[PDB]
Amino acid sequence: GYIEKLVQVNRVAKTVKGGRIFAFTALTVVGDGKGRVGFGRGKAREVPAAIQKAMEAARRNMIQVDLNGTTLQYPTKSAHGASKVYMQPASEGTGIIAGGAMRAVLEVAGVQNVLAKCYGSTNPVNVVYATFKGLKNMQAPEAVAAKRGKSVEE
RNA sequence: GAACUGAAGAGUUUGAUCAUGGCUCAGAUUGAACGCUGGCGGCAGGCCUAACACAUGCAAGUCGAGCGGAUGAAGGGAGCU
Ligand SMILES: [Mg+2]
Ligand SMILES: [Mg+2]
Ligand SMILES: [Mg+2]
């Protein structure tokens, strides 16, 4: 998949004798818009190098997400650290009602109707972890049918 | 056949980081007031304060087919003119 979103770019510093060394960190998300999505972090002493490292890292470790035709299966509630995330499917006319990192993640993954919200700390990287944790543990029918036959469970 | 369908975050504590936590901002509303500016129309609204004191007009009268009385037309005439 090839859809690049630059979620965040930040400048960090470390102290040595002489003064400070500055570094640049980038967090990006990659996906095809039809089920696969991954995220990557990259640090360098230059912004382009950090962004390229983040893109290369995100292009690895992609995951497959089960979705109901550009729409979620059921409401989801997922947490990582101090960040908490609520999601729930919406109708066709809706867009993406989400803020910041969540919007990039959901748009990249390929869902178009998400009506989402976040509570707790709104650190973008932790929000991205929480959003992938919610999206990855999404079952969808014919997999919850491990118990018994299908069309009777629903 | 309908009577609903719906939820965004950002800045700021550090050399840098995560968390906690307060402050501030982006929206929608007023019986509003003030500053600058000002063409027209339709529909509404207009003492939120002193239940403070009030000049002057008007805002509750009608019935003569309930009853006496006094006001007494036009006319028919009568006299004198
Ligand atoms: Mg907080
Ligand atoms: Mg500083
Ligand atoms: Mg009054």
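Throughout, a chain's letter reflects where its sequence line sits, starting with A, and its residues are numbered from 1.
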Requested in this report: Quote, to the nearest angstrom, the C1' distance that separates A74(B) from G68(B).
Outcome: 27 Å
Query raised in the report: Just how far, in rounded Å, is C1' of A7(B) from CG of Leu106(A)?
Result: 14 Å
Query raised in the report: Does the side chain of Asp66(A) reach to within under 4.5 Å of the side chain of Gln139(A), using non-hydrogen atoms?
Result: no
Report task. Find which nucleotide of RNA chain B each of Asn126(A) and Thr122(A) is nearest to by heavy atoms, and output the residue with the more 5' nucleotide. Result -> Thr122(A)
**Report entry** Ionic contact status for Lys150(A) with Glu142(A), cut-off 4.0 Å
**Finding:** no
Report task. Kindly indicate, with the supporting measurements, whether the criterion side-chain contact (heavy atoms from CB on, under 4.5 Å) is fulfilled by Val111(A) and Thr70(A). Result -> CA-CA 4 Å; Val111(A) 301; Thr70(A) 62; 5.8 Å; no
Requested in this report: Look at the side chain of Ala82(A) and decide which nucleotide, out of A7(B), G9(B), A19(B), has an atom nearest to it.
Outcome: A19(B)
Query raised in the report: If only atom types and distance count, is the side chain of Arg103(A) paired as donor or acceptor with the main-chain N or O of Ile96(A) below 3.5 Å?
Result: yes
**Report entry** Exercise: identify the closest heavy-atom pair between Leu135(A) and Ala109(A)
**Finding:** CD1-CB, 4.2 Å
Query raised in the report: Looking for any heavy atom pair under 4.0 Å, which part of the strands does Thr94(A) touch: base, sugar-phosphate only, or nothing?
Result: base
Requested in this report: Write down the partner of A7(B) under the Watson-Crick or G-U wobble criteria, each distance required to be under 3.5 Å.
Outcome: none
Requested in this report: Quickly work out the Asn113(A) CG to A8(B) P distance and round it to whole Å.
Outcome: 15 Å
Query raised in the report: What distance, rounded to whole Å, do you find between the two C1' atoms, one in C34(B) and one in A50(B)?
Result: 24 Å
Requested in this report: Describe, in one word, how the ring planes of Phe39(A) and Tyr129(A) are oriented to each other, choosing from parallel (under 30°), tilted (30 to 60°) and perpendicular (over 60°).
Outcome: perpendicular
Query raised in the report: Can you tell me how far P of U17(B) sits from CZ of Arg41(A), to the nearest Å?
Result: 11 Å
Requested in this report: On RNA chain B, check which nucleotide each of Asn123(A) and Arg103(A) is closest to and give me the residue with the more 5' one.
Outcome: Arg103(A)
Query raised in the report: By the criterion of two distances each under 3.5 Å, are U14(B) and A59(B) a Watson-Crick or G-U wobble pair?
Result: no
Report task. Determine the contact category for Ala90(A): base if any of its heavy atoms lies under 4.0 Å from a base atom, sugar-phosphate if only primed atoms, P, OP1 or OP2 are that close, otherwise nothing. Result -> base
Requested in this report: Would you kindly give the CE-to-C1' distance between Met102(A) and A10(B), to the nearest whole Å?
Outcome: 17 Å
**Report entry** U14(B) and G35(B), which share atom name P, separated by this distance in whole Å
**Finding:** 44 Å
Query raised in the report: So, do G69(B) and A70(B) stack if we ask for centres under 5.5 Å and planes under 30°?
Result: yes
Requested in this report: Confirm or reject stacking between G31(B) and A32(B), applying the criteria of under 5.5 Å between six-membered ring centres and under 30° between their planes.
Outcome: no
Query - Whole-Å gap separating P (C18(B)) and OH (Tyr129(A)) - result: 12 Å
**Report entry** Distance-only side-chain donor-acceptor flag, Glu4(A) / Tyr2(A), under 3.5 Å
**Finding:** no
Report task. Take atom P in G27(B) and the same atom in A32(B), then report the distance between them in whole Å. Result -> 23 Å
Query raised in the report: Would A78(B) and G79(B) be classed as stacked, given the thresholds of under 5.5 Å between six-membered ring centres and under 30° between planes?
Result: yes
**Report entry** Integer angstrom distance from the P of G42(B) to that of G38(B)
**Finding:** 23 Å
Query - Six-membered ring stacking of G46(B) and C47(B), under 5.5 Å, under 30° - result: no
Query - Atom-to-atom span, NE2 of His80(A) to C1' of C18(B) - whole angstrom - result: 12 Å
**Report entry** Rounded distance in Å between the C1' positions of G21(B) and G6(B)
**Finding:** 31 Å
Query raised in the report: Sugar at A73(B): north or south, per the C1'-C2'-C3'-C4' sign?
Result: north
Query raised in the report: Taking RNA chain B as the partner, which of residues 5-27 of chain A come within under 4.0 angstrom of it by heavy atom?
Result: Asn10(A), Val12(A), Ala13(A), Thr15(A), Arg20(A)
**Report entry** Span that lies between the P atom of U30(B) and that of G15(B), in whole angstrom
**Finding:** 48 Å
Report task. Select one nucleotide: of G9(B), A8(B), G6(B), the one nearest the side-chain heavy atoms of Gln88(A). Result -> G6(B)
Query raised in the report: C1'-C2'-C3'-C4' for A70(B): north (positive) or south (negative)?
Result: south
Query raised in the report: If anything within 90° of 0 is syn and all else is anti, what is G6(B)?
Result: syn
Requested in this report: Write down the distance between CD1 (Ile97(A)) and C1' (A7(B)), rounded to a whole number of angstrom.
Outcome: 8 Å
Query - Pucker class of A8(B), where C1'-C2'-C3'-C4' positive means north and negative means south - result: south
Requested in this report: Examine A60(B) and say whether its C1'-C2'-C3'-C4' torsion places the sugar north (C3'-endo side) or south (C2'-endo side).
Outcome: south
Query raised in the report: Does any nucleotide pair with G41(B) by Watson-Crick or G-U wobble geometry, both distances under 3.5 Å, and what is it?
Result: none
Requested in this report: Give a single yes or no on stacking for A10(B) with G11(B), with the cut-offs at 5.5 Å between ring centres and 30° between planes.
Outcome: yes
Report task. Please measure how far the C1' atom in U17(B) lies from the corresponding atom in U13(B), and state the result in whole Å. Result -> 13 Å
Query raised in the report: Would you find more than 12 non-hydrogen atoms of other residues, nucleotides or ligands less than 6.0 Å from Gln64(A) atom CD?
Result: yes
Query raised in the report: When the ring centroid of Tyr119(A) is compared with that of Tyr86(A), is the distance short of 6.0 Å?
Result: no
Query raised in the report: For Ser121(A), which contact category applies under a 4.0 Å heavy-atom criterion: base, sugar-phosphate, or nothing?
Result: sugar-phosphate
Query - North or south sugar at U14(B) (positive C1'-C2'-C3'-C4' torsion counts as north) - result: north
Query raised in the report: Relative to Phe22(A), does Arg11(A) satisfy both conditions: NZ or CZ under 6.0 angstrom from the six-membered ring centre, and within 45 degrees of the ring's axis?
Result: yes
